[PDB]
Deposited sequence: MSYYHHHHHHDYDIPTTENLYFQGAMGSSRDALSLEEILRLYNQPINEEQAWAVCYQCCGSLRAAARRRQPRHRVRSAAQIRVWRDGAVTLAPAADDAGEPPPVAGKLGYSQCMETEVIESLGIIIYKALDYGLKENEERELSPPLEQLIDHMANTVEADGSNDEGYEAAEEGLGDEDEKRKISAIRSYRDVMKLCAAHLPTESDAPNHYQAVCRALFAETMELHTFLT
């Protein structure tokens, strides 16, 4: 392997040969939504997350979506959030048998149910309309919500460092 500054979530899963943990799921969600919110503000077009290969985790803890007011366009925020929600659940389910299901903490399960529009605060949360809505739910996972920006960067920084050693050195 050769050392670089980003790995895809697909590569991360392949290297681990196991699913991501719950804290990593919250972190990728928060960090990727932050990147997407900023990209939209700078008028880069929205597009959907088609697969885990498109999600890039960086050395400094950033998470971005690789390339292919603006409130309405050919790709709405909720569509991007849905596609991200589905990919995050696949990452949490990675390698499990079809007849097994992971027992997620209720607030993480709820976040994902609402991201993915699979819903059929203790019963149901307000519908997610924006990247900021998702980020606020991830911040709420923490006892002190103002810790979120630093915390979720630190989570992805560690995930990168840990998998980069497998990337560089696994044969």
{"property": "Deposited positions without coordinates, collected into consecutive stretches in sequence order", "result": "1-26, 95-106, 159-178"}
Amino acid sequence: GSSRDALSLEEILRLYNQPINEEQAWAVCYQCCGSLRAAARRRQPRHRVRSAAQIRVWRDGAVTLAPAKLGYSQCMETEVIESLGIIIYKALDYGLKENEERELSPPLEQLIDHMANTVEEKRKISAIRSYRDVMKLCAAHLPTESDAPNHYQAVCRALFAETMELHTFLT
From here on, numbers count along this sequence of modelled residues.
item: Stretch exceeding the other in mean C-alpha B-factor - 71-79, 92-100; value: 92-100
item: Average Cα temperature factor in the PDB entry - higher stretch of 51-59, 125-133; value: 125-133
item: Criterion, highest CA B-factor; candidates, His141, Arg43, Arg37, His114; value: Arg43
item: Selection from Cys29, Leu108, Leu65, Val119 [criterion: highest C-alpha temperature factor in the record]; value: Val119
item: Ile20 CA temperature factor, ranked by third within the chain; value: middle
